[PDB]
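Okay, so here's just one chain, in structure tokens, the form deposited in one PDB entry.
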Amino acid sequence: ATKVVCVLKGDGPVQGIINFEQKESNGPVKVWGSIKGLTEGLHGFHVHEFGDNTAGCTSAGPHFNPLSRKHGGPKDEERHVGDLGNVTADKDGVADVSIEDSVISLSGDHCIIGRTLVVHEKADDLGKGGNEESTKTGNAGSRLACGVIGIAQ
């Protein structure tokens, strides 16, 4: 009953459409869509704090972290709201995304509307990499494609 969408663009072309839908404010958000143009393997997948793409994906800032937690994987209690783990691209460079998440929302202070979705160069280590950056960014590397998360029909 609330639906939101994000078109991801960057060089390659890396390009994708990701849809989000939440039946009720207390419920999980289903996330689905496709990203093409990726290298085979894992790519970090995060909601970043700013829906600012004025100078490309760099202006999106850090992970969306309204509750001031450390970086983790989607299944972790200790995670940022924006920590959606990794998407996995096949040999053909396509990641078909199908996620349900209970921490992001389309309502309230966990809401991701107006933020940026980013797909990264490398895997997110989900805070298990053993360095300073692991519990901040997951060491997922450069931002390959991004877009602002908007209200859908």
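Just count from 1 along the sequence shown to find any residue number.
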Comparing average C-alpha B factors as deposited, tell me which of 86-94 and 103-111 sits higher. 86-94
Quick note on 112-120 and 34-42: per-entry mean CA temperature factor is higher in 34-42
Quick one: classify residue 26 as lowest, middle or highest third of the chain based on its Cα B-factor. highest
Taking the entry's C-alpha B-factors for this chain, is residue 58 in the lowest, middle or highest third? highest
Residue 145's Cα B-factor: lowest, middle or highest third of the chain? lowest
Against its chain's modelled residues, does residue 128's Cα B factor rank lowest, middle or highest third? highest
Residue 17 CA temperature factor, ranked by third within the chain: middle
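One more form of this protein exists, namely the form deposited with a partner chain bound; it is left out here, but the text below deals with it.
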Counting only non-hydrogen atoms and a 4.5 angstroms cut-off, does residue 70 reach its partner chain in the deposited bound form? no
